[PDB]
>>> print(open('coords-v8.txt').read())   # compact mmCIF, C-alpha atoms and all ligand atoms
# COMPACT_ATOMS: atom_id res chain seq x y z
CA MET Y 1 14.78 10.78 -15.83
CA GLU Y 2 15.30 10.62 -19.58
CA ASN Y 3 12.04 8.66 -19.62
CA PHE Y 4 9.93 11.77 -19.13
CA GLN Y 5 9.36 14.89 -21.17
CA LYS Y 6 8.04 17.94 -19.40
CA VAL Y 7 5.19 19.79 -21.10
CA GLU Y 8 4.45 22.73 -18.75
CA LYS Y 9 5.17 23.99 -15.24
CA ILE Y 10 2.11 22.83 -13.36
CA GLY Y 11 3.07 23.98 -9.89
CA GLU Y 12 5.67 25.54 -7.62
CA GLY Y 13 6.25 25.00 -3.93
CA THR Y 14 8.60 24.20 -1.04
CA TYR Y 15 10.42 21.03 -2.17
CA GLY Y 16 10.44 21.95 -5.82
CA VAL Y 17 8.57 22.46 -9.07
CA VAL Y 18 5.74 20.39 -10.52
CA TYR Y 19 5.47 19.49 -14.17
CA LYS Y 20 2.91 17.85 -16.37
CA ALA Y 21 4.91 15.24 -18.23
CA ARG Y 22 4.39 12.59 -20.85
CA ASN Y 23 6.03 9.24 -20.15
CA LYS Y 24 8.06 8.69 -23.29
CA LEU Y 25 7.74 4.90 -22.99
CA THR Y 26 4.26 4.07 -21.58
CA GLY Y 27 2.97 7.26 -23.15
CA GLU Y 28 0.99 8.25 -20.06
CA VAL Y 29 0.76 11.82 -18.79
CA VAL Y 30 1.87 12.13 -15.22
CA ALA Y 31 2.86 14.86 -12.81
CA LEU Y 32 6.55 15.13 -11.99
CA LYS Y 33 8.11 16.83 -9.01
CA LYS Y 34 11.81 17.59 -8.99
CA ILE Y 35 13.13 18.17 -5.47
CA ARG Y 36 16.46 19.75 -4.50
CA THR Y 41 21.47 17.93 -2.18
CA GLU Y 42 24.35 16.30 -0.29
CA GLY Y 43 23.35 12.65 0.00
CA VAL Y 44 19.55 12.60 0.15
CA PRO Y 45 18.46 11.37 3.61
CA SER Y 46 17.65 7.65 3.57
CA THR Y 47 15.03 8.46 6.20
CA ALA Y 48 13.16 10.58 3.69
CA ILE Y 49 13.40 7.59 1.35
CA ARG Y 50 12.00 5.04 3.77
CA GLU Y 51 9.05 7.33 4.50
CA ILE Y 52 8.56 8.36 0.87
CA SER Y 53 8.37 4.67 0.01
CA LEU Y 54 5.96 3.92 2.82
CA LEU Y 55 3.73 6.62 1.33
CA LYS Y 56 3.77 4.74 -1.97
CA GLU Y 57 1.87 1.88 -0.32
CA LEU Y 58 -1.29 3.79 0.56
CA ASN Y 59 -4.04 3.38 -2.01
CA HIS Y 60 -7.34 5.16 -1.73
CA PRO Y 61 -9.76 6.63 -4.31
CA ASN Y 62 -9.15 10.09 -2.85
CA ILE Y 63 -5.40 10.33 -2.67
CA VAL Y 64 -3.25 11.08 -5.66
CA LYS Y 65 -1.37 7.83 -6.20
CA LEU Y 66 2.41 8.02 -6.15
CA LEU Y 67 3.24 5.81 -9.11
CA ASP Y 68 6.99 5.98 -8.55
CA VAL Y 69 10.10 7.54 -7.00
CA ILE Y 70 13.23 8.20 -9.08
CA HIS Y 71 16.25 8.97 -6.88
CA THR Y 72 18.90 10.10 -9.34
CA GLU Y 73 22.22 11.87 -8.81
CA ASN Y 74 21.11 13.07 -5.37
CA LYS Y 75 17.94 14.55 -6.93
CA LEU Y 76 14.43 13.21 -6.24
CA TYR Y 77 11.68 12.88 -8.83
CA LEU Y 78 8.18 11.94 -7.75
CA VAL Y 79 5.76 10.52 -10.32
CA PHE Y 80 2.06 10.96 -9.55
CA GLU Y 81 -1.17 10.00 -11.28
CA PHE Y 82 -2.26 13.10 -13.22
CA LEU Y 83 -5.45 15.08 -12.56
CA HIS Y 84 -6.72 17.93 -14.72
CA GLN Y 85 -7.05 20.90 -12.41
CA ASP Y 86 -6.09 22.03 -8.94
CA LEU Y 87 -8.86 23.44 -6.77
CA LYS Y 88 -7.26 26.92 -6.86
CA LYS Y 89 -7.74 27.42 -10.58
CA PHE Y 90 -11.24 25.97 -10.34
CA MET Y 91 -12.01 28.55 -7.65
CA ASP Y 92 -10.75 31.45 -9.76
CA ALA Y 93 -12.83 30.17 -12.68
CA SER Y 94 -15.83 30.18 -10.32
CA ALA Y 95 -15.06 33.64 -8.89
CA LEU Y 96 -18.15 35.16 -10.52
CA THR Y 97 -20.60 32.22 -10.36
CA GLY Y 98 -19.44 30.36 -7.27
CA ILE Y 99 -19.35 26.59 -6.82
CA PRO Y 100 -22.75 24.87 -6.34
CA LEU Y 101 -23.37 23.54 -2.84
CA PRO Y 102 -23.91 19.97 -4.00
CA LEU Y 103 -20.43 19.93 -5.52
CA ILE Y 104 -18.86 21.54 -2.50
CA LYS Y 105 -20.59 18.98 -0.29
CA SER Y 106 -19.31 16.07 -2.35
CA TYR Y 107 -15.73 17.37 -2.53
CA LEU Y 108 -15.72 17.74 1.23
CA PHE Y 109 -17.08 14.21 1.66
CA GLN Y 110 -14.43 12.66 -0.57
CA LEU Y 111 -11.64 14.73 0.96
CA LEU Y 112 -12.65 13.52 4.42
CA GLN Y 113 -12.74 9.94 3.11
CA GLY Y 114 -9.14 10.18 2.00
CA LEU Y 115 -8.24 11.86 5.31
CA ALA Y 116 -9.97 9.18 7.36
CA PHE Y 117 -7.97 6.54 5.47
CA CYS Y 118 -4.55 8.29 5.76
CA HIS Y 119 -5.12 9.09 9.40
CA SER Y 120 -6.05 5.46 10.34
CA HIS Y 121 -2.57 4.51 9.07
CA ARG Y 122 -0.96 7.22 11.18
CA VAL Y 123 -0.35 9.42 8.15
CA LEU Y 124 -1.00 13.11 7.94
CA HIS Y 125 -0.66 15.62 5.14
CA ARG Y 126 0.75 18.65 6.99
CA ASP Y 127 0.41 21.23 4.22
CA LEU Y 128 -3.06 21.14 2.64
CA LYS Y 129 -4.10 24.05 0.41
CA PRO Y 130 -6.21 24.57 -2.76
CA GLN Y 131 -3.03 24.08 -4.75
CA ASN Y 132 -2.71 20.38 -3.89
CA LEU Y 133 -6.35 19.41 -4.14
CA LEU Y 134 -6.94 17.98 -7.62
CA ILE Y 135 -10.20 17.21 -9.38
CA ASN Y 136 -11.17 15.21 -12.44
CA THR Y 137 -14.09 15.63 -14.81
CA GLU Y 138 -15.78 12.60 -13.19
CA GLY Y 139 -16.63 14.47 -10.00
CA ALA Y 140 -13.75 13.22 -7.84
CA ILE Y 141 -11.20 15.20 -5.81
CA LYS Y 142 -7.92 13.96 -4.36
CA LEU Y 143 -5.16 14.81 -1.92
CA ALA Y 144 -1.67 15.35 -3.41
CA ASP Y 145 1.73 15.49 -1.58
CA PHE Y 146 0.06 13.65 1.24
CA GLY Y 147 2.65 12.95 3.89
CA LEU Y 148 5.47 14.60 1.95
CA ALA Y 149 5.98 16.51 5.17
CA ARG Y 150 7.51 13.65 7.15
CA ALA Y 151 10.22 13.69 4.49
CA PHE Y 152 12.12 16.82 5.57
CA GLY Y 153 11.55 19.97 7.59
CA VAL Y 154 9.81 23.30 6.94
CA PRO Y 155 12.37 25.80 5.48
CA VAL Y 156 11.94 29.50 4.63
CA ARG Y 157 10.98 29.63 0.94
CA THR Y 158 10.54 27.56 -2.24
CA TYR Y 159 13.00 26.08 -4.78
CA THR Y 160 13.78 29.51 -6.23
CA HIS Y 161 12.81 31.11 -2.92
CA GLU Y 162 9.30 32.60 -3.08
CA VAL Y 163 6.28 32.67 -0.75
CA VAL Y 164 4.64 29.67 0.87
CA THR Y 165 1.41 30.27 2.76
CA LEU Y 166 0.48 30.39 6.41
CA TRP Y 167 -3.15 30.88 5.34
CA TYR Y 168 -4.01 27.25 5.94
CA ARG Y 169 -1.81 26.71 8.97
CA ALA Y 170 -3.51 25.49 12.11
CA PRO Y 171 -2.94 27.60 15.23
CA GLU Y 172 -1.05 24.92 17.19
CA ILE Y 173 1.64 25.15 14.56
CA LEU Y 174 1.75 28.91 14.45
CA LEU Y 175 2.14 28.66 18.23
CA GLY Y 176 5.19 26.40 18.30
CA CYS Y 177 3.70 22.91 18.75
CA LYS Y 178 6.13 20.40 17.28
CA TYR Y 179 4.18 17.20 17.88
CA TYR Y 180 0.93 18.10 16.14
CA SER Y 181 -1.57 15.44 15.05
CA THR Y 182 -3.91 14.55 12.19
CA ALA Y 183 -6.07 17.46 13.39
CA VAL Y 184 -3.93 20.05 11.56
CA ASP Y 185 -5.23 18.59 8.28
CA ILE Y 186 -8.87 18.98 9.34
CA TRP Y 187 -8.17 22.64 10.21
CA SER Y 188 -6.62 23.13 6.78
CA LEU Y 189 -9.57 21.49 5.11
CA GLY Y 190 -11.99 23.68 7.08
CA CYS Y 191 -10.26 26.82 5.77
CA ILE Y 192 -10.50 25.52 2.21
CA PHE Y 193 -14.14 24.58 2.74
CA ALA Y 194 -14.91 28.13 3.83
CA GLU Y 195 -12.98 29.51 0.87
CA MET Y 196 -15.03 27.46 -1.54
CA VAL Y 197 -18.22 28.78 -0.05
CA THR Y 198 -17.28 32.48 0.15
CA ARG Y 199 -14.86 32.73 -2.80
CA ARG Y 200 -12.33 34.52 -0.58
CA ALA Y 201 -9.53 33.13 1.57
CA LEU Y 202 -10.54 32.90 5.20
CA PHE Y 203 -7.25 34.01 6.80
CA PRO Y 204 -4.91 35.58 4.30
CA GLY Y 205 -2.10 36.56 6.68
CA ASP Y 206 0.95 38.43 5.36
CA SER Y 207 3.29 37.35 8.16
CA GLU Y 208 3.13 34.78 10.96
CA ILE Y 209 1.85 37.40 13.33
CA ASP Y 210 -0.70 38.66 10.81
CA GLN Y 211 -1.85 35.09 10.14
CA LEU Y 212 -2.36 34.46 13.81
CA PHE Y 213 -4.01 37.80 14.53
CA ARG Y 214 -6.32 37.26 11.58
CA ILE Y 215 -7.50 33.97 13.09
CA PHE Y 216 -7.88 35.80 16.37
CA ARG Y 217 -10.01 38.60 14.93
CA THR Y 218 -12.43 36.07 13.44
CA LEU Y 219 -12.57 33.20 15.94
CA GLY Y 220 -11.56 35.42 18.83
CA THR Y 221 -8.29 35.39 20.75
CA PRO Y 222 -7.87 31.93 22.22
CA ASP Y 223 -7.32 31.26 25.91
CA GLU Y 224 -7.59 28.35 28.39
CA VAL Y 225 -11.40 28.39 28.28
CA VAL Y 226 -11.67 27.07 24.72
CA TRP Y 227 -8.16 25.65 24.31
CA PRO Y 228 -6.69 24.20 27.57
CA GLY Y 229 -2.91 24.40 27.65
CA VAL Y 230 -2.74 27.02 24.96
CA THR Y 231 -0.85 29.41 27.25
CA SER Y 232 1.87 26.79 27.70
CA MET Y 233 2.49 26.88 23.93
CA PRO Y 234 6.02 27.88 22.83
CA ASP Y 235 4.99 31.03 20.95
CA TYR Y 236 2.02 32.07 22.99
CA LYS Y 237 2.42 35.62 24.26
CA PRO Y 238 0.29 36.86 27.18
CA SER Y 239 0.39 40.23 25.42
CA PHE Y 240 -1.67 39.19 22.34
CA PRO Y 241 -4.54 41.59 21.56
CA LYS Y 242 -7.83 40.18 22.87
CA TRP Y 243 -10.42 40.01 20.07
CA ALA Y 244 -13.94 38.64 20.46
CA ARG Y 245 -15.28 35.79 18.33
CA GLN Y 246 -17.48 36.76 15.38
CA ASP Y 247 -20.39 34.49 14.50
CA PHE Y 248 -19.95 32.11 11.59
CA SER Y 249 -23.13 33.43 10.05
CA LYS Y 250 -20.95 36.42 9.13
CA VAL Y 251 -17.89 34.38 8.22
CA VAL Y 252 -19.47 31.89 5.82
CA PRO Y 253 -22.69 33.38 4.39
CA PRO Y 254 -24.77 31.92 3.00
CA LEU Y 255 -23.71 28.29 3.70
CA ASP Y 256 -26.45 26.31 5.47
CA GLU Y 257 -26.58 25.63 9.22
CA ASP Y 258 -25.45 21.98 8.80
CA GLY Y 259 -22.36 23.08 6.95
CA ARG Y 260 -21.69 25.91 9.36
CA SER Y 261 -22.02 23.38 12.13
CA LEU Y 262 -19.54 21.09 10.46
CA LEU Y 263 -17.12 23.89 9.55
CA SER Y 264 -17.28 25.04 13.15
CA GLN Y 265 -16.13 21.70 14.52
CA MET Y 266 -13.34 21.57 11.91
CA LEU Y 267 -12.10 25.01 13.02
CA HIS Y 268 -12.01 24.42 16.78
CA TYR Y 269 -8.85 25.76 18.39
CA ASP Y 270 -8.31 22.65 20.60
CA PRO Y 271 -6.73 19.99 18.34
CA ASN Y 272 -8.20 17.23 20.51
CA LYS Y 273 -11.78 18.45 20.31
CA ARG Y 274 -11.31 19.10 16.59
CA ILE Y 275 -13.58 16.59 14.88
CA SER Y 276 -11.80 13.73 13.15
CA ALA Y 277 -12.34 12.78 9.52
CA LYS Y 278 -14.14 9.52 10.31
CA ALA Y 279 -16.61 11.31 12.54
CA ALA Y 280 -17.01 14.20 10.09
CA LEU Y 281 -18.21 11.52 7.64
CA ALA Y 282 -21.22 10.73 9.81
CA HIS Y 283 -22.26 14.38 10.12
CA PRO Y 284 -25.88 15.25 9.18
CA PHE Y 285 -24.53 17.57 6.49
CA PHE Y 286 -23.68 14.50 4.42
CA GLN Y 287 -27.16 13.08 4.75
CA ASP Y 288 -28.09 14.02 1.17
CA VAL Y 289 -24.61 13.72 -0.29
CA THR Y 290 -24.27 12.93 -3.96
CA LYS Y 291 -21.62 12.90 -6.61
CA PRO Y 292 -22.35 15.72 -9.06
CA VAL Y 293 -19.87 16.56 -11.77
CA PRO Y 294 -17.87 19.80 -12.11
CA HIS Y 295 -17.87 22.02 -15.16
CA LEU Y 296 -14.13 22.17 -15.89
CA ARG Y 297 -12.47 24.56 -18.27
CA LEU Y 298 -9.47 22.61 -19.52
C1 LIG K 301 1.36 22.67 -6.92
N1 LIG K 301 1.67 21.28 -6.58
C2 LIG K 301 1.19 20.19 -7.16
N2 LIG K 301 1.55 19.01 -6.76
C3 LIG K 301 1.04 17.93 -7.39
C4 LIG K 301 1.50 16.60 -6.88
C5 LIG K 301 0.18 18.29 -8.39
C6 LIG K 301 -0.63 17.55 -9.40
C7 LIG K 301 -0.67 16.15 -9.43
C8 LIG K 301 -1.47 15.63 -10.44
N3 LIG K 301 -2.19 16.35 -11.36
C9 LIG K 301 -2.09 17.71 -11.25
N4 LIG K 301 -2.77 18.45 -12.13
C10 LIG K 301 -2.87 19.84 -12.25
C11 LIG K 301 -2.22 20.72 -11.37
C12 LIG K 301 -2.29 22.09 -11.46
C13 LIG K 301 -3.04 22.69 -12.46
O1 LIG K 301 -3.07 24.08 -12.49
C14 LIG K 301 -3.72 21.87 -13.39
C15 LIG K 301 -3.64 20.46 -13.28
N5 LIG K 301 -1.32 18.30 -10.28
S1 LIG K 301 0.07 20.09 -8.50
>>> encode(input="coords-v8.txt", output="structure tokens")
Amino acid sequence: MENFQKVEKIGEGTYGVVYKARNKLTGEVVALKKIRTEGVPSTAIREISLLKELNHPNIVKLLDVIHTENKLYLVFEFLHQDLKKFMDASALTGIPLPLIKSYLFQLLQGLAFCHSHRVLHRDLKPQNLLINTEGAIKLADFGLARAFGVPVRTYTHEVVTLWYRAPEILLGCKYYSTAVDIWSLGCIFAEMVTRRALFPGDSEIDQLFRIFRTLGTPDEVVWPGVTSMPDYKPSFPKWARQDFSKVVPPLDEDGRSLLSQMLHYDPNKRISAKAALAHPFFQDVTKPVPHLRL
């Protein structure tokens, strides 16, 4: 829209590119996402508009939707840093536990809210978790999944990431629930603590086997019905589960306990956001502020 002026490529992804942009009229800085086009499904519109109605302190607000010439522009409230950059800037020092605790608490608050409205994110990753200098963190592109279907690459064709993909999805489950977001969040939580991606797979089979080497190869004992999954293969290598003490050192036992429940193979036993909020780990939760390098 000739009402916005891009300032810098802020992100890249599936749908399209993300830009920091200054509204030429109101003067506000927003985040713009240009998506790519035969007629633009009205279904994607209905659902994109329904997403515009959810307001919570931990979800990046979708100010507006500009459908022009079969091209979609999404205007979002702007935040100053994604969690990925913030992690790289903390690579040597690490993020303090009080801040990690808070971020997790807020992130679960937004999740609890979205989920109670039957809305799920579907593709959480450090790249769409945005923080402000006031100590808050928000979910971005929340629900932008029920707008299309998972392709093969990005706008210019690149590399998405199966690193944060829950196992039910890697295994062919098409009707997954809100639980996939908790799984994603758990991976991110672990990454914040250790400063290294939990499961950096380089293919769908590497992703899966990586989860298997750490949490052990799943079977009907921990995940009933897993063998009926579309992509399950009786011939998967059988790895044993490694203790979390080795996966997320030196996070405390309350966190490890919480992370554990967020990373349970069985989607149904996977703790929900609302319950996660009552976990003992958040007993001494506060709202510390980050030290951002903008
Ligand atoms: C990569 N995909 C992204 N998507 C949205 C909606 C993003 C968004 C929304 C609002 N504010 C910001 N800020 C920001 C993003 C990346 C940065 O590296 C720095 C700041 N980003 S980023």
>>> closest_residue(input="coords-v8.txt", among="Y:202, Y:266, Y:17, Y:282", to="ligand LIG 301 (chain K)", atoms="all atoms listed in the file")
Y:17
>>> residues_near_ligand(input="coords-v8.txt", ligand="ligand LIG 301 (chain K)", cutoff="10 Å", atoms="only C-alpha atoms and all ligand atoms", output="MDAnalysis selection string")
chainID Y and resid 8:21 29:33 64:66 78:90 129:136 142:146 148 298
>>> closest_atom_pairs(input="coords-v8.txt", of="stretch 70-189 of chain Y", to="stretch 46-56 of chain Y", cutoff="7 Å", atoms="all atoms listed in the file", output="Markdown table")
| residue | atom | partner | partner_atom | distance |
| --- | --- | --- | --- | --- |
| Y:147 | CA | Y:55 | CA | 6.9 |
| Y:151 | CA | Y:48 | CA | 4.4 |
| Y:152 | CA | Y:48 | CA | 6.6 |
>>> closest_atom_pairs(input="coords-v8.txt", of="stretch 122-186 of chain Y", to="stretch 224-232 of chain Y", cutoff="10 Å", atoms="only C-alpha atoms", output="Markdown table")
| residue | atom | partner | partner_atom | distance |
| --- | --- | --- | --- | --- |
| Y:171 | CA | Y:230 | CA | 9.7 |
| Y:172 | CA | Y:230 | CA | 8.2 |
| Y:175 | CA | Y:230 | CA | 8.5 |
| Y:176 | CA | Y:232 | CA | 10.0 |
| Y:177 | CA | Y:230 | CA | 9.8 |
>>> residues_around(input="coords-v8.txt", residues="residue Y:108", least_positions_apart="3", cutoff="9 Å", atoms="only C-alpha atoms", output="mmCIF file with C-alpha atoms, in the frame of the given file")
data_model
loop_
_atom_site.group_PDB
_atom_site.id
_atom_site.type_symbol
_atom_site.label_atom_id
_atom_site.label_comp_id
_atom_site.auth_asym_id
_atom_site.auth_seq_id
_atom_site.Cartn_x
_atom_site.Cartn_y
_atom_site.Cartn_z
ATOM 1 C CA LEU Y 103 -20.430 19.930 -5.520
ATOM 2 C CA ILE Y 104 -18.860 21.540 -2.500
ATOM 3 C CA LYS Y 105 -20.590 18.980 -0.290
ATOM 4 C CA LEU Y 111 -11.640 14.730 0.960
ATOM 5 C CA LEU Y 112 -12.650 13.520 4.420
ATOM 6 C CA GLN Y 113 -12.740 9.940 3.110
ATOM 7 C CA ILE Y 141 -11.200 15.200 -5.810
ATOM 8 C CA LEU Y 189 -9.570 21.490 5.110
ATOM 9 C CA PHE Y 193 -14.140 24.580 2.740
#
>>> closest_residue(input="coords-v8.txt", among="Y:194, Y:74, Y:174, Y:290", to="residue Y:261", atoms="all atoms listed in the file")
Y:194
>>> residues_around(input="coords-v8.txt", residues="stretch 137-140 of chain Y", least_positions_apart="2", cutoff="7 Å", atoms="all atoms listed in the file", output="list in words")
residues 135, 142, 291, 292, 293, 294 and 296 of chain Y
>>> atom_distance(input="coords-v8.txt", atom1="atom CA of residue Y:240", atom2="atom CA of residue Y:221")
7.8 Å
>>> closest_residue(input="coords-v8.txt", among="Y:106, Y:41, Y:239, Y:158", to="residue Y:72", atoms="all atoms listed in the file")
Y:41
>>> closest_residue(input="coords-v8.txt", among="Y:22, Y:92, Y:71, Y:119", to="residue Y:58", atoms="only C-alpha atoms")
Y:119
>>> closest_residue(input="coords-v8.txt", among="Y:277, Y:212, Y:70, Y:255", to="residue Y:243", atoms="all atoms listed in the file")
Y:212
>>> residues_around(input="coords-v8.txt", residues="residue Y:205", least_positions_apart="3", cutoff="10 Å", atoms="all atoms listed in the file", output="VMD selection string")
chain Y and resid 165 to 168 201 to 202 208 to 215
>>> decode(input="coords-v8.txt", residues="stretch 43-126 of chain Y", atoms="C-alpha atoms", output="PDB file, in the first residue's frame")
ATOM      1  CA  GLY Y  43      -7.764 -14.976  -6.563  1.00  0.00           C
ATOM      2  CA  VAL Y  44      -6.734 -15.086  -2.895  1.00  0.00           C
ATOM      3  CA  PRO Y  45      -8.942 -17.624  -1.069  1.00  0.00           C
ATOM      4  CA  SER Y  46     -11.848 -15.920   0.699  1.00  0.00           C
ATOM      5  CA  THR Y  47     -11.506 -18.634   3.329  1.00  0.00           C
ATOM      6  CA  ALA Y  48      -8.057 -17.346   4.211  1.00  0.00           C
ATOM      7  CA  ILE Y  49      -9.679 -13.907   4.467  1.00  0.00           C
ATOM      8  CA  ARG Y  50     -12.470 -14.931   6.814  1.00  0.00           C
ATOM      9  CA  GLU Y  51      -9.947 -16.611   9.114  1.00  0.00           C
ATOM     10  CA  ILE Y  52      -7.363 -13.836   8.820  1.00  0.00           C
ATOM     11  CA  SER Y  53     -10.088 -11.401   9.867  1.00  0.00           C
ATOM     12  CA  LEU Y  54     -11.212 -13.582  12.748  1.00  0.00           C
ATOM     13  CA  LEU Y  55      -7.597 -13.460  13.949  1.00  0.00           C
ATOM     14  CA  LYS Y  56      -7.793  -9.667  13.974  1.00  0.00           C
ATOM     15  CA  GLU Y  57     -10.374  -9.862  16.771  1.00  0.00           C
ATOM     16  CA  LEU Y  58      -8.180 -11.505  19.401  1.00  0.00           C
ATOM     17  CA  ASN Y  59      -6.602  -9.025  21.781  1.00  0.00           C
ATOM     18  CA  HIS Y  60      -4.216 -10.078  24.494  1.00  0.00           C
ATOM     19  CA  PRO Y  61      -1.134  -8.439  26.066  1.00  0.00           C
ATOM     20  CA  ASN Y  62       1.005 -11.298  24.753  1.00  0.00           C
ATOM     21  CA  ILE Y  63       0.012 -11.557  21.135  1.00  0.00           C
ATOM     22  CA  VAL Y  64       1.289  -9.220  18.485  1.00  0.00           C
ATOM     23  CA  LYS Y  65      -1.819  -7.284  17.486  1.00  0.00           C
ATOM     24  CA  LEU Y  66      -2.799  -7.411  13.834  1.00  0.00           C
ATOM     25  CA  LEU Y  67      -3.671  -3.772  13.238  1.00  0.00           C
ATOM     26  CA  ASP Y  68      -4.882  -4.350   9.689  1.00  0.00           C
ATOM     27  CA  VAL Y  69      -5.146  -6.428   6.512  1.00  0.00           C
ATOM     28  CA  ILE Y  70      -4.633  -4.866   3.073  1.00  0.00           C
ATOM     29  CA  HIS Y  71      -5.817  -7.176   0.281  1.00  0.00           C
ATOM     30  CA  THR Y  72      -4.596  -5.482  -2.884  1.00  0.00           C
ATOM     31  CA  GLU Y  73      -4.304  -6.751  -6.450  1.00  0.00           C
ATOM     32  CA  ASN Y  74      -4.433 -10.369  -5.251  1.00  0.00           C
ATOM     33  CA  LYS Y  75      -1.551  -9.641  -2.836  1.00  0.00           C
ATOM     34  CA  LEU Y  76      -1.939  -9.657   0.964  1.00  0.00           C
ATOM     35  CA  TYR Y  77      -0.285  -7.196   3.335  1.00  0.00           C
ATOM     36  CA  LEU Y  78      -0.505  -7.733   7.068  1.00  0.00           C
ATOM     37  CA  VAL Y  79       0.110  -4.807   9.415  1.00  0.00           C
ATOM     38  CA  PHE Y  80       1.268  -5.696  12.921  1.00  0.00           C
ATOM     39  CA  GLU Y  81       2.156  -3.725  16.033  1.00  0.00           C
ATOM     40  CA  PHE Y  82       5.959  -3.378  15.985  1.00  0.00           C
ATOM     41  CA  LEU Y  83       8.313  -4.861  18.586  1.00  0.00           C
ATOM     42  CA  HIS Y  84      12.052  -4.210  18.746  1.00  0.00           C
ATOM     43  CA  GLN Y  85      13.693  -7.610  18.575  1.00  0.00           C
ATOM     44  CA  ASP Y  86      12.880 -11.220  17.822  1.00  0.00           C
ATOM     45  CA  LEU Y  87      13.977 -13.788  20.377  1.00  0.00           C
ATOM     46  CA  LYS Y  88      16.502 -15.274  17.913  1.00  0.00           C
ATOM     47  CA  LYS Y  89      18.666 -12.177  17.737  1.00  0.00           C
ATOM     48  CA  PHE Y  90      18.376 -11.741  21.493  1.00  0.00           C
ATOM     49  CA  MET Y  91      19.652 -15.300  21.901  1.00  0.00           C
ATOM     50  CA  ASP Y  92      22.655 -14.722  19.643  1.00  0.00           C
ATOM     51  CA  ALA Y  93      23.437 -11.539  21.577  1.00  0.00           C
ATOM     52  CA  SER Y  94      23.333 -13.650  24.756  1.00  0.00           C
ATOM     53  CA  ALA Y  95      25.437 -16.488  23.280  1.00  0.00           C
ATOM     54  CA  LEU Y  96      28.357 -15.716  25.611  1.00  0.00           C
ATOM     55  CA  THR Y  97      26.514 -14.543  28.750  1.00  0.00           C
ATOM     56  CA  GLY Y  98      23.255 -16.467  28.558  1.00  0.00           C
ATOM     57  CA  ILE Y  99      19.818 -15.169  29.546  1.00  0.00           C
ATOM     58  CA  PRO Y 100      19.166 -14.823  33.314  1.00  0.00           C
ATOM     59  CA  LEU Y 101      16.717 -17.354  34.725  1.00  0.00           C
ATOM     60  CA  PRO Y 102      14.334 -14.708  36.045  1.00  0.00           C
ATOM     61  CA  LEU Y 103      13.908 -13.338  32.529  1.00  0.00           C
ATOM     62  CA  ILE Y 104      13.521 -16.761  31.001  1.00  0.00           C
ATOM     63  CA  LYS Y 105      10.910 -17.580  33.639  1.00  0.00           C
ATOM     64  CA  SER Y 106       8.922 -14.432  32.916  1.00  0.00           C
ATOM     65  CA  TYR Y 107       9.039 -14.854  29.134  1.00  0.00           C
ATOM     66  CA  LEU Y 108       7.741 -18.379  29.521  1.00  0.00           C
ATOM     67  CA  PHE Y 109       4.952 -17.181  31.829  1.00  0.00           C
ATOM     68  CA  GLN Y 110       3.790 -14.491  29.408  1.00  0.00           C
ATOM     69  CA  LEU Y 111       4.075 -16.782  26.398  1.00  0.00           C
ATOM     70  CA  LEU Y 112       1.860 -19.332  28.155  1.00  0.00           C
ATOM     71  CA  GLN Y 113      -0.602 -16.552  29.019  1.00  0.00           C
ATOM     72  CA  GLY Y 114      -1.004 -15.665  25.375  1.00  0.00           C
ATOM     73  CA  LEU Y 115      -1.255 -19.376  24.505  1.00  0.00           C
ATOM     74  CA  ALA Y 116      -3.904 -20.001  27.151  1.00  0.00           C
ATOM     75  CA  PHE Y 117      -5.942 -17.134  25.697  1.00  0.00           C
ATOM     76  CA  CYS Y 118      -5.601 -18.173  22.002  1.00  0.00           C
ATOM     77  CA  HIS Y 119      -6.306 -21.789  22.821  1.00  0.00           C
ATOM     78  CA  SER Y 120      -9.531 -20.990  24.805  1.00  0.00           C
ATOM     79  CA  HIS Y 121     -10.829 -19.428  21.565  1.00  0.00           C
ATOM     80  CA  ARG Y 122      -9.914 -22.530  19.590  1.00  0.00           C
ATOM     81  CA  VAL Y 123      -6.922 -20.813  18.010  1.00  0.00           C
ATOM     82  CA  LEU Y 124      -3.489 -22.290  17.614  1.00  0.00           C
ATOM     83  CA  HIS Y 125      -0.256 -20.910  16.242  1.00  0.00           C
ATOM     84  CA  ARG Y 126       1.121 -23.924  14.337  1.00  0.00           C
TER      85      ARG Y 126
END
